[PDB]
Amino acid sequence: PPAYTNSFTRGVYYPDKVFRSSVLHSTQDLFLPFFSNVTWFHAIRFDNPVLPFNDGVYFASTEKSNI
Amino acid sequence: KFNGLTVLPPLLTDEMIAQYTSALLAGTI
Amino acid sequence: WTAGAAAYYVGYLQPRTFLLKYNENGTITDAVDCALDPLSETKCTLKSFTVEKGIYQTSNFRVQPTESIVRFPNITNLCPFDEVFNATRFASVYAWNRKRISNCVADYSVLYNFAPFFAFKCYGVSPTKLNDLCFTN
Amino acid sequence: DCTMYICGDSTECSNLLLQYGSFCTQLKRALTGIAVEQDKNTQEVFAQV
Amino acid sequence: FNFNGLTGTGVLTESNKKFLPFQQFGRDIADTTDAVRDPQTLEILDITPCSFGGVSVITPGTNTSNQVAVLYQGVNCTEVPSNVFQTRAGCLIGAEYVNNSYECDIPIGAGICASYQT
Amino acid sequence: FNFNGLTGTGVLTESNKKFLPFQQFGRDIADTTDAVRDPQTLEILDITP
Amino acid sequence: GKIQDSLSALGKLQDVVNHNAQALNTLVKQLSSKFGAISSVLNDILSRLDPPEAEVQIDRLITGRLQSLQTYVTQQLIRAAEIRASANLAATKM
Amino acid sequence: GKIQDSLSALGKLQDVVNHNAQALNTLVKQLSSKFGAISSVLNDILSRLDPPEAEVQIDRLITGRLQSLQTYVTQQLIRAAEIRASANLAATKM
Amino acid sequence: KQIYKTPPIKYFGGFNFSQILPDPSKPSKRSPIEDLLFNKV
Ligand SMILES: *[C@@H]1O[C@H](CO)[C@@H](O[C@@H]2O[C@H](CO)[C@@H](O)[C@H](O)[C@H]2NC(C)=O)[C@H](O)[C@H]1NC(C)=O
Ligand SMILES: *[C@@H]1O[C@H](CO)[C@@H](O[C@@H]2O[C@H](CO)[C@@H](O)[C@H](O)[C@H]2NC(C)=O)[C@H](O)[C@H]1NC(C)=O
Ligand SMILES: *[C@@H]1O[C@H](CO)[C@@H](O[C@@H]2O[C@H](CO)[C@@H](O)[C@H](O)[C@H]2NC(C)=O)[C@H](O)[C@H]1NC(C)=O
Ligand SMILES: *[C@@H]1O[C@H](CO)[C@@H](O[C@@H]2O[C@H](CO)[C@@H](O)[C@H](O)[C@H]2NC(C)=O)[C@H](O)[C@H]1NC(C)=O
Ligand SMILES: *[C@@H]1O[C@H](CO)[C@@H](O)[C@H](O)[C@H]1NC(C)=O
Ligand SMILES: *[C@@H]1O[C@H](CO)[C@@H](O)[C@H](O)[C@H]1NC(C)=O
Ligand SMILES: *[C@@H]1O[C@H](CO)[C@@H](O)[C@H](O)[C@H]1NC(C)=O
Ligand SMILES: *[C@@H]1O[C@H](CO)[C@@H](O)[C@H](O)[C@H]1NC(C)=O
Ligand SMILES: *[C@@H]1O[C@H](CO)[C@@H](O)[C@H](O)[C@H]1NC(C)=O
């Protein structure tokens, strides 16, 4: 079964290797959309799926061990 | 209307303009 | 065999327009997604973070083609292309063979099943998009 | 509508039109500038009471 | 739609035009197709445009509020996709229309305005 | 000058800007290069006209 | 009372309507100009031609129609200055 | 004395500054446009292309940026007529 | 044609014009109101 989580303002990355001062820059690129539904997998019994890609992947994780 | 062309309405209707004109007439007379 | 407790969050990227705000030190502190609701779209249209009062002719709109019909020809025979592509003898180039093609349904599947095709050059059209146009003569 | 006048529906065109710098936005802004003044013209002639 | 070569988009409706048996489609003034004849059923159909117009956002400023209302210029409120009001200037969504009168605040057009009134 | 691909002309001077370790050069408002980082020595230099 | 007889004049008001109607009728008609393109309609090209070839064609139809918009907007600014000067005279007489 | 309180208005003066600043910011930004050429830099063209073809690519960029200058100068003339009409009104009131 | 100056006394039957006349204690010699006018643009 699936389990979703609202990602509020996540996955905003630096688009290019250019320094910019106090400037509002309007870019157009592959971004994860704001206030979206990311999928909250567990894979723990052991079941990790083979997911598509389709245009990039934002991948967050919260693990104090090394798994 | 046409291929991306549009006409916007005026802010003041022509009734409202008539009310400005009648006020100028009533003030003056 | 035995593990702990994993959990990972997967989301997918989409082509979007953002408005990023770089502060003095070159770091990003805030961003506005120009397709969310309406005030962030207005802030990305103005290229500002303060919007004073008034109507701001932001984007635009236009309903979308729901479904899709395709009323085409009636049917007819097939116009045999193998008359011109499989004749026993071709005329020489000084008196070249000419043929007008009458109305039919023109399957170009055939005409592809012939040869390794040393030259296949369309000019006003493209061969990948040949099965949708409908020429008169 | 600059995009609908030039391209017109097509979407392969939109990526090509984004090349021509901001020639598009400037146009829209000038046209709207002629939109704010036209209402002020009327207020100044009639709204004197 | 595609009518034997004519590629386009729009709403198909019963027409009242009369084509000459040899004509397939008609065009209007300004040279745009406005009627076709179905190749299969031989009936004349008008093509009307799919609704459109600009979209503007009315905002008091983020230092006052984050609410907003949207006016769809000469769009009927039934063909857009609370407070929905139909005016001769388009469809107004997100503001309630009252019969009182105040001083212009944020001009909406054709005699109407709006403000952050309690 | 040419800084790893950036071709231009101008006077090189010591800067006081701070680039993020992943950034090579900066641009000013109006989108023109105004500072670079020397690929060999890794120092930030302003470019004045 | 004689004023109505002289009316039942306003050519200066009809000219404003005519000038804008003519610019909008011309702006639309300029879309049927191959401008040096196989076809003058977009979709046909972008749908009866490959994806790298259609580039050239549409690029040829974009510059021409973009010039049309620049002509249109420049004239509206020059003509709006004239109606503005007239509105200033009317306000002064008022 | 109440006049200072109403000040401590001048939007008509800030608009003049804004309009010119916006035309100068746009004029510079229009240099980063390819206009359908292989690149937007007249040196890079040569670095990776022969003269016979580089003359064509540079001629496209020249035409595009020359159009930018014509747009800029035409608007300055139309806008200078408006400030001139304002200076005439101010001189008349003086 | 000529550059006129006011008399030292600067007392015109009461009317007090100090807010529109130049301020002698300034490098620029602007009036108090002119100083505000150049601080807004
Ligand atoms: C081109 O013509 C030849 C002969 O005119 C066709 O060969 C015939 O093919 C059928 C079915 O494959 C056989 O039953 C006949 O015996 C063949 N005839 C001969 C003389 O060999 C061939 O099929 C034609 N090709 C096309 C694409 O029409
Ligand atoms: C196209 O072919 C169809 C037959 O496949 C023709 O069909 C019939 O049309 C009449 C007239 O409306 C109907 O009453 C019949 O019911 C249809 N037949 C069937 C089986 O449905 C049609 O007229 C042809 N049209 C053209 C332009 O050729
Ligand atoms: C690239 O190599 C050069 C070798 O000359 C490095 O320059 C030296 O860097 C060390 C470390 O700070 C200094 O002590 C030397 O004085 C430098 N040499 C000279 C001639 O000034 C340079 O740092 C290297 N760059 C990178 C990014 O590794
Ligand atoms: C003219 O008006 C100014 C104020 O606009 C007067 O100057 C102020 O006078 C009050 C006392 O009445 C003082 O408290 C203020 O400090 C003064 N201001 C300054 C800047 O000095 C001035 O006295 C008036 N002139 C006359 C002749 O009455
Ligand atoms: C996320 O999922 C819930 C339930 O499936 C849905 O109500 C919500 O609209 C989704 N969020 C978005 C942004 O679509
Ligand atoms: C980052 O910016 C702050 C001011 O917002 C400044 O005090 C600080 O020194 C800056 N950091 C660096 C490394 O320059
Ligand atoms: C804007 O916000 C500031 C506080 O950050 C406040 O002092 C000011 O009154 C606000 N302006 C308006 C118009 O509300
Ligand atoms: C919108 O359509 C309805 C019928 O569905 C009609 O009653 C109404 O008058 C229309 N509104 C406008 C503004 O034309
Ligand atoms: C406003 O008054 C009209 C009659 O003039 C009435 O028909 C209408 O319902 C009123 N609107 C509201 C919101 O009460």
# chains A, B, ... in the order shown; residues from 1 in each chain; ligands from 1
>>> select_by_dssp(residues="chain E", states="strand (DSSP E or B)", output="JSON, numbers by chain")
{"E": [2, 3, 6, 7, 11, 12, 13, 14, 25, 26, 27, 33, 34, 35, 36, 37, 44, 45, 46, 47, 48, 52, 53, 54, 55, 56, 57, 58, 59, 69, 70, 71, 72, 73, 84, 85, 86, 87, 90, 91, 92, 93, 109, 112]}
>>> interface_residues(of="chain D", to="chain H", cutoff="12 Å", atoms="only C-alpha atoms", output="PyMOL selection string")
chain D and resi 15-27+29-30+33
>>> interface_residues(of="chain C", to="chain F", cutoff="9 Å", atoms="only C-alpha atoms", output="PyMOL selection string")
chain C and resi 25-27
>>> residues_near_ligand(ligand="ligand 9", cutoff="12 Å", atoms="only C-alpha atoms and all ligand atoms", output="list in words")
residues 83, 84, 85, 86, 95, 96, 97, 98, 99, 100 and 101 of chain E
>>> atom_distance(atom1="atom CA of residue F:21", atom2="atom CA of residue C:47")
27.6 Å
>>> residues_near_ligand(ligand="ligand 7", cutoff="10 Å", atoms="only C-alpha atoms and all ligand atoms", output="PyMOL selection string")
(chain C and resi 50+52-53) or (chain E and resi 60-65)
>>> write_last_selection(atoms="N, CA and C atoms", output="PDB file, in the first residue's frame")
ATOM      1  N   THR C  50       6.796  42.232  -3.447  1.00  0.00           N
ATOM      2  CA  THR C  50       5.740  43.068  -2.898  1.00  0.00           C
ATOM      3  C   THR C  50       4.807  43.447  -4.035  1.00  0.00           C
ATOM      4  N   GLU C  52       1.554  45.630  -4.887  1.00  0.00           N
ATOM      5  CA  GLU C  52       0.618  46.640  -4.436  1.00  0.00           C
ATOM      6  C   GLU C  52      -0.769  46.369  -5.010  1.00  0.00           C
ATOM      7  N   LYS C  53      -1.732  47.080  -4.474  1.00  0.00           N
ATOM      8  CA  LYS C  53      -3.078  46.795  -4.843  1.00  0.00           C
ATOM      9  C   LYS C  53      -3.477  47.095  -6.255  1.00  0.00           C
TER      10      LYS C  53
ATOM     11  N   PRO E  60      -4.132  42.767  -2.587  1.00  0.00           N
ATOM     12  CA  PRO E  60      -3.917  43.974  -1.777  1.00  0.00           C
ATOM     13  C   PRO E  60      -2.470  44.210  -1.378  1.00  0.00           C
ATOM     14  N   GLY E  61      -1.567  43.288  -1.645  1.00  0.00           N
ATOM     15  CA  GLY E  61      -0.184  43.370  -1.202  1.00  0.00           C
ATOM     16  C   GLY E  61       0.023  42.409  -0.050  1.00  0.00           C
ATOM     17  N   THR E  62       1.156  41.707  -0.066  1.00  0.00           N
ATOM     18  CA  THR E  62       1.414  40.659   0.912  1.00  0.00           C
ATOM     19  C   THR E  62       1.592  41.202   2.311  1.00  0.00           C
ATOM     20  N   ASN E  63       1.730  42.514   2.441  1.00  0.00           N
ATOM     21  CA  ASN E  63       1.853  43.212   3.712  1.00  0.00           C
ATOM     22  C   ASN E  63       0.491  43.644   4.237  1.00  0.00           C
ATOM     23  N   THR E  64      -0.568  43.244   3.548  1.00  0.00           N
ATOM     24  CA  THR E  64      -1.925  43.525   3.984  1.00  0.00           C
ATOM     25  C   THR E  64      -2.683  42.219   4.140  1.00  0.00           C
ATOM     26  N   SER E  65      -2.533  41.342   3.160  1.00  0.00           N
ATOM     27  CA  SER E  65      -3.241  40.074   3.122  1.00  0.00           C
ATOM     28  C   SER E  65      -2.654  39.247   1.994  1.00  0.00           C
TER      29      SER E  65
END
>>> residues_near_ligand(ligand="ligand 1", cutoff="12 Å", atoms="only C-alpha atoms and all ligand atoms", output="tab-separated table (two decimals) with N, CA, C and O atoms, in the first residue's frame")
chain	number	residue	atom	x	y	z
C	80	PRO	N	-3.22	0.67	-56.66
C	80	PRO	CA	-2.07	-0.25	-56.54
C	80	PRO	C	-0.70	0.35	-56.86
C	80	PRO	O	-0.36	0.55	-58.03
C	81	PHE	N	0.09	0.60	-55.82
C	81	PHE	CA	1.44	1.11	-55.99
C	81	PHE	C	2.36	0.10	-56.66
C	81	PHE	O	3.40	0.50	-57.21
C	82	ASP	N	2.02	-1.19	-56.63
C	82	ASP	CA	2.85	-2.20	-57.25
C	82	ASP	C	2.77	-2.19	-58.77
C	82	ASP	O	3.52	-2.93	-59.41
C	83	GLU	N	1.87	-1.41	-59.36
C	83	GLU	CA	1.92	-1.22	-60.80
C	83	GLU	C	3.16	-0.43	-61.19
C	83	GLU	O	3.83	-0.76	-62.17
C	84	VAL	N	3.48	0.61	-60.42
C	84	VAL	CA	4.63	1.45	-60.75
C	84	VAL	C	5.91	0.95	-60.08
C	84	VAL	O	7.01	1.26	-60.56
C	85	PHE	N	5.81	0.16	-59.02
C	85	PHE	CA	6.98	-0.28	-58.27
C	85	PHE	C	7.39	-1.70	-58.60
C	85	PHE	O	8.42	-2.16	-58.10
C	86	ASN	N	6.61	-2.41	-59.40
C	86	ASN	CA	6.92	-3.80	-59.71
C	86	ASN	C	6.65	-4.12	-61.18
C	86	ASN	O	6.33	-5.27	-61.51
C	87	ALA	N	6.75	-3.13	-62.06
C	87	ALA	CA	6.59	-3.39	-63.48
C	87	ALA	C	7.77	-4.19	-64.01
C	87	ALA	O	8.89	-4.11	-63.48
C	88	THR	N	7.51	-4.99	-65.05
C	88	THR	CA	8.56	-5.83	-65.61
C	88	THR	C	9.62	-5.01	-66.33
C	88	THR	O	10.80	-5.37	-66.32
C	89	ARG	N	9.21	-3.90	-66.94
C	89	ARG	CA	10.17	-3.06	-67.66
C	89	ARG	C	9.93	-1.56	-67.46
C	89	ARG	O	8.82	-1.07	-67.65
C	108	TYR	N	1.03	3.29	-46.89
C	108	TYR	CA	2.41	3.34	-47.27
C	108	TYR	C	3.20	2.35	-46.58
C	108	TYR	O	4.40	2.40	-46.61
C	109	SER	N	2.54	1.39	-45.97
C	109	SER	CA	3.26	0.33	-45.30
C	109	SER	C	4.02	-0.34	-46.43
C	109	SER	O	5.23	-0.50	-46.37
C	110	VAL	N	3.31	-0.64	-47.52
C	110	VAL	CA	3.95	-1.22	-48.68
C	110	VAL	C	4.73	-0.05	-49.15
C	110	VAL	O	4.36	1.05	-48.76
C	111	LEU	N	5.78	-0.28	-49.93
C	111	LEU	CA	6.68	0.77	-50.40
C	111	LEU	C	7.72	0.98	-49.32
C	111	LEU	O	8.32	2.03	-49.24
C	112	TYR	N	7.92	-0.01	-48.48
C	112	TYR	CA	8.86	0.13	-47.42
C	112	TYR	C	9.45	-1.16	-47.25
C	112	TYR	O	10.50	-1.33	-46.69
C	113	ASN	N	8.70	-2.10	-47.75
C	113	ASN	CA	9.00	-3.52	-47.82
C	113	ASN	C	9.61	-3.91	-49.16
C	113	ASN	O	9.30	-4.96	-49.72
C	114	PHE	N	10.49	-3.07	-49.69
C	114	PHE	CA	11.05	-3.31	-51.02
C	114	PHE	C	12.54	-3.58	-51.01
C	114	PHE	O	12.97	-4.63	-51.49
C	115	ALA	N	13.36	-2.68	-50.48
C	115	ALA	CA	14.77	-2.68	-50.82
C	115	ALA	C	15.54	-1.99	-49.70
C	115	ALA	O	14.93	-1.38	-48.81
>>> residues_near_ligand(ligand="ligand 8", cutoff="12 Å", atoms="only C-alpha atoms and all ligand atoms", output="PDB file with N, CA and C atoms, in the first residue's frame")
ATOM      1  N   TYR E  72     -11.892  36.695 -15.024  1.00  0.00           N
ATOM      2  CA  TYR E  72     -11.680  36.113 -16.340  1.00  0.00           C
ATOM      3  C   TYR E  72     -12.444  36.971 -17.322  1.00  0.00           C
ATOM      4  N   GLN E  73     -11.719  37.777 -18.098  1.00  0.00           N
ATOM      5  CA  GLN E  73     -12.299  38.739 -19.056  1.00  0.00           C
ATOM      6  C   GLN E  73     -13.218  38.180 -20.144  1.00  0.00           C
ATOM      7  N   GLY E  74     -14.481  38.565 -20.068  1.00  0.00           N
ATOM      8  CA  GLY E  74     -15.550  38.083 -20.948  1.00  0.00           C
ATOM      9  C   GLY E  74     -15.585  36.560 -21.056  1.00  0.00           C
ATOM     10  N   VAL E  75     -15.412  35.920 -19.909  1.00  0.00           N
ATOM     11  CA  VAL E  75     -15.562  34.483 -19.786  1.00  0.00           C
ATOM     12  C   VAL E  75     -16.776  34.209 -18.917  1.00  0.00           C
ATOM     13  N   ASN E  76     -17.642  33.330 -19.397  1.00  0.00           N
ATOM     14  CA  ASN E  76     -18.808  32.978 -18.606  1.00  0.00           C
ATOM     15  C   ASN E  76     -18.384  32.090 -17.452  1.00  0.00           C
ATOM     16  N   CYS E  77     -19.076  32.242 -16.331  1.00  0.00           N
ATOM     17  CA  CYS E  77     -18.697  31.518 -15.130  1.00  0.00           C
ATOM     18  C   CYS E  77     -19.012  30.031 -15.216  1.00  0.00           C
ATOM     19  N   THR E  78     -19.511  29.559 -16.353  1.00  0.00           N
ATOM     20  CA  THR E  78     -19.819  28.146 -16.558  1.00  0.00           C
ATOM     21  C   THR E  78     -18.746  27.468 -17.407  1.00  0.00           C
ATOM     22  N   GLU E  79     -17.832  28.275 -17.940  1.00  0.00           N
ATOM     23  CA  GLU E  79     -16.815  27.757 -18.842  1.00  0.00           C
ATOM     24  C   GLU E  79     -15.423  28.115 -18.350  1.00  0.00           C
ATOM     25  N   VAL E  80     -15.288  28.322 -17.047  1.00  0.00           N
ATOM     26  CA  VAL E  80     -14.006  28.682 -16.455  1.00  0.00           C
ATOM     27  C   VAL E  80     -13.130  27.447 -16.254  1.00  0.00           C
ATOM     28  N   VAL E  84     -19.258  33.730  -6.525  1.00  0.00           N
ATOM     29  CA  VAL E  84     -19.165  33.845  -7.966  1.00  0.00           C
ATOM     30  C   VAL E  84     -20.205  34.861  -8.408  1.00  0.00           C
ATOM     31  N   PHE E  85     -19.764  35.847  -9.165  1.00  0.00           N
ATOM     32  CA  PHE E  85     -20.612  36.932  -9.611  1.00  0.00           C
ATOM     33  C   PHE E  85     -20.365  37.111 -11.097  1.00  0.00           C
ATOM     34  N   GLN E  86     -21.431  37.155 -11.874  1.00  0.00           N
ATOM     35  CA  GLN E  86     -21.332  37.400 -13.301  1.00  0.00           C
ATOM     36  C   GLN E  86     -21.591  38.864 -13.600  1.00  0.00           C
ATOM     37  N   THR E  87     -20.663  39.484 -14.305  1.00  0.00           N
ATOM     38  CA  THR E  87     -20.764  40.860 -14.735  1.00  0.00           C
ATOM     39  C   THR E  87     -20.553  40.900 -16.237  1.00  0.00           C
ATOM     40  N   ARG E  88     -20.935  42.020 -16.843  1.00  0.00           N
ATOM     41  CA  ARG E  88     -20.799  42.198 -18.285  1.00  0.00           C
ATOM     42  C   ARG E  88     -19.340  42.295 -18.718  1.00  0.00           C
ATOM     43  N   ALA E  89     -18.441  42.392 -17.744  1.00  0.00           N
ATOM     44  CA  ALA E  89     -17.019  42.492 -18.027  1.00  0.00           C
ATOM     45  C   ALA E  89     -16.292  41.157 -17.899  1.00  0.00           C
ATOM     46  N   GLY E  90     -16.997  40.084 -17.563  1.00  0.00           N
ATOM     47  CA  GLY E  90     -16.385  38.791 -17.361  1.00  0.00           C
ATOM     48  C   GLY E  90     -16.873  38.110 -16.099  1.00  0.00           C
ATOM     49  N   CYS E  91     -16.150  37.069 -15.711  1.00  0.00           N
ATOM     50  CA  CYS E  91     -16.502  36.306 -14.521  1.00  0.00           C
ATOM     51  C   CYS E  91     -15.595  36.667 -13.351  1.00  0.00           C
ATOM     52  N   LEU E  92     -16.217  37.128 -12.270  1.00  0.00           N
ATOM     53  CA  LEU E  92     -15.522  37.557 -11.069  1.00  0.00           C
ATOM     54  C   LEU E  92     -15.653  36.483  -9.998  1.00  0.00           C
TER      55      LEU E  92
END
>>> atom_distance(atom1="atom CA of residue E:108", atom2="atom CA of residue D:42")
15.7 Å
>>> residues_near_ligand(ligand="ligand 3", cutoff="9 Å", atoms="only C-alpha atoms and all ligand atoms", output="list in words")
residues 38, 39, 40, 41 and 42 of chain F
>>> residues_near_ligand(ligand="ligand 4", cutoff="9 Å", atoms="only C-alpha atoms and all ligand atoms", output="count of residues only")
11
>>> residues_near_ligand(ligand="ligand 5", cutoff="8 Å", atoms="only C-alpha atoms and all ligand atoms", output="PyMOL selection string")
chain A and resi 4-6+35-37
>>> write_last_selection(atoms="N, CA, C and O atoms", output="tab-separated table (two decimals), in the first residue's frame")
chain	number	residue	atom	x	y	z
A	4	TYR	N	1.69	8.71	1.44
A	4	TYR	CA	2.15	9.96	0.87
A	4	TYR	C	2.55	10.94	1.96
A	4	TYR	O	2.20	10.78	3.13
A	5	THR	N	3.30	11.96	1.56
A	5	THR	CA	3.68	13.05	2.45
A	5	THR	C	3.74	14.34	1.64
A	5	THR	O	4.22	14.34	0.50
A	6	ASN	N	3.23	15.42	2.21
A	6	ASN	CA	3.26	16.73	1.56
A	6	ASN	C	4.67	17.30	1.68
A	6	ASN	O	5.15	17.55	2.79
A	35	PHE	N	4.51	22.07	-2.69
A	35	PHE	CA	3.36	21.49	-1.98
A	35	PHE	C	2.88	20.20	-2.64
A	35	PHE	O	1.68	19.98	-2.80
A	36	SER	N	3.82	19.35	-3.04
A	36	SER	CA	3.50	18.16	-3.81
A	36	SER	C	3.35	16.95	-2.90
A	36	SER	O	3.57	17.02	-1.69
A	37	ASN	N	2.98	15.83	-3.50
A	37	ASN	CA	2.84	14.57	-2.79
A	37	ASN	C	4.03	13.69	-3.13
A	37	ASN	O	4.09	13.10	-4.21
>>> interface_residues(of="chain C", to="chain D", cutoff="10 Å", atoms="only C-alpha atoms", output="list in words")
residues 57, 59 and 60 of chain C
>>> write_last_selection(atoms="C-alpha atoms", output="PDB file, in the first residue's frame")
ATOM      1  CA  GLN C  57      -3.048  40.888 -15.751  1.00  0.00           C
ATOM      2  CA  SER C  59      -1.196  34.667 -17.118  1.00  0.00           C
ATOM      3  CA  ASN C  60      -3.938  33.807 -19.588  1.00  0.00           C
TER       4      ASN C  60
END
>>> interface_residues(of="chain B", to="chain G", cutoff="12 Å", atoms="only C-alpha atoms", output="PyMOL selection string")
chain B and resi 1-7+20-21+24-25
>>> write_last_selection(atoms="N, CA and C atoms", output="tab-separated table (two decimals), in the first residue's frame")
chain	number	residue	atom	x	y	z
B	1	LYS	N	-13.65	39.40	-31.32
B	1	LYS	CA	-12.53	38.62	-30.82
B	1	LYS	C	-11.82	37.91	-31.97
B	2	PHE	N	-10.51	37.72	-31.81
B	2	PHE	CA	-9.69	37.12	-32.85
B	2	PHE	C	-8.63	36.20	-32.27
B	3	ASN	N	-7.59	35.94	-33.06
B	3	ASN	CA	-6.54	34.99	-32.71
B	3	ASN	C	-5.58	35.52	-31.65
B	4	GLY	N	-6.06	35.68	-30.42
B	4	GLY	CA	-5.25	36.24	-29.35
B	4	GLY	C	-5.50	37.71	-29.08
B	5	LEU	N	-6.41	38.35	-29.80
B	5	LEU	CA	-6.73	39.75	-29.59
B	5	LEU	C	-7.97	39.88	-28.72
B	6	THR	N	-7.93	40.80	-27.77
B	6	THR	CA	-9.07	41.06	-26.92
B	6	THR	C	-9.22	42.55	-26.62
B	7	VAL	N	-10.46	42.95	-26.38
B	7	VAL	CA	-10.81	44.33	-26.08
B	7	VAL	C	-11.28	44.41	-24.64
B	20	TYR	N	-21.77	62.44	-14.03
B	20	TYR	CA	-20.87	63.59	-13.95
B	20	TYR	C	-21.39	64.77	-14.77
B	21	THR	N	-21.92	64.51	-15.96
B	21	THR	CA	-22.44	65.61	-16.77
B	21	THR	C	-23.66	66.26	-16.16
B	24	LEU	N	-22.50	68.61	-13.37
B	24	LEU	CA	-21.99	69.88	-13.87
B	24	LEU	C	-23.10	70.79	-14.34
B	25	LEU	N	-24.13	70.23	-14.99
B	25	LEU	CA	-25.26	71.04	-15.41
B	25	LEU	C	-26.07	71.59	-14.25
>>> select_by_dssp(residues="chain D", states="helix (DSSP H, G or I)", output="PyMOL selection string")
chain D and resi 2-6+12-17+23-46
>>> residues_near_ligand(ligand="ligand 2", cutoff="6 Å", atoms="only C-alpha atoms and all ligand atoms", output="list in words")
residues 74 of chain C; 39 and 40 of chain E
>>> atom_distance(atom1="atom CA of residue C:3", atom2="atom CA of residue A:46")
8.6 Å
>>> closest_residue(among="A:22, A:59, A:47, A:65", to="ligand 6", atoms="only C-alpha atoms and all ligand atoms")
A:22
>>> closest_atom_pairs(of="chain H", to="chain G", cutoff="12 Å", atoms="only C-alpha atoms", output="Markdown table")
| residue | atom | partner | partner_atom | distance |
| --- | --- | --- | --- | --- |
| H:35 | CA | G:59 | CA | 9.2 |
| H:36 | CA | G:59 | CA | 7.5 |
| H:37 | CA | G:59 | CA | 10.9 |
| H:60 | CA | G:63 | CA | 11.8 |
| H:63 | CA | G:63 | CA | 11.4 |
| H:64 | CA | G:63 | CA | 10.0 |
| H:67 | CA | G:67 | CA | 10.0 |
| H:68 | CA | G:70 | CA | 11.3 |
| H:70 | CA | G:70 | CA | 11.1 |
| H:71 | CA | G:70 | CA | 8.6 |
| H:72 | CA | G:74 | CA | 11.4 |
| H:73 | CA | G:74 | CA | 11.9 |
| H:74 | CA | G:74 | CA | 8.5 |
| H:75 | CA | G:74 | CA | 8.1 |
| H:76 | CA | G:74 | CA | 11.7 |
| H:77 | CA | G:78 | CA | 10.3 |
| H:78 | CA | G:78 | CA | 6.9 |
| H:79 | CA | G:77 | CA | 9.4 |
| H:80 | CA | G:81 | CA | 11.7 |
| H:81 | CA | G:81 | CA | 9.2 |
| H:82 | CA | G:81 | CA | 7.8 |
| H:83 | CA | G:81 | CA | 11.5 |
| H:85 | CA | G:85 | CA | 9.2 |
| H:86 | CA | G:85 | CA | 11.0 |
| H:89 | CA | G:88 | CA | 11.1 |
>>> write_last_selection(atoms="C-alpha atoms", output="short mmCIF file (atom, residue, chain, number, x, y, z; two decimals), in the first residue's frame")
data_model
loop_
_atom_site.label_atom_id
_atom_site.label_comp_id
_atom_site.auth_asym_id
_atom_site.auth_seq_id
_atom_site.Cartn_x
_atom_site.Cartn_y
_atom_site.Cartn_z
CA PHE H 35 18.11 34.82 -32.62
CA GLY H 36 18.32 31.36 -34.15
CA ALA H 37 22.09 31.30 -34.64
CA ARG H 60 22.06 37.06 -38.15
CA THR H 63 20.56 42.06 -37.74
CA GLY H 64 18.98 41.10 -34.44
CA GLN H 67 16.83 45.84 -34.63
CA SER H 68 17.29 46.31 -30.88
CA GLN H 70 16.11 50.79 -33.80
CA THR H 71 13.50 49.88 -31.21
CA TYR H 72 15.40 51.76 -28.50
CA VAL H 73 15.89 54.98 -30.46
CA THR H 74 12.32 55.07 -31.78
CA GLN H 75 10.93 54.88 -28.27
CA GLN H 76 13.25 57.60 -26.99
CA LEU H 77 11.97 59.97 -29.66
CA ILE H 78 8.34 59.21 -28.84
CA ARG H 79 8.97 59.57 -25.11
CA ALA H 80 11.02 62.74 -25.53
CA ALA H 81 8.05 64.41 -27.22
CA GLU H 82 5.99 63.75 -24.08
CA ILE H 83 8.51 65.29 -21.68
CA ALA H 85 5.12 68.78 -23.97
CA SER H 86 5.40 68.73 -20.17
CA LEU H 89 3.33 73.34 -19.83
#
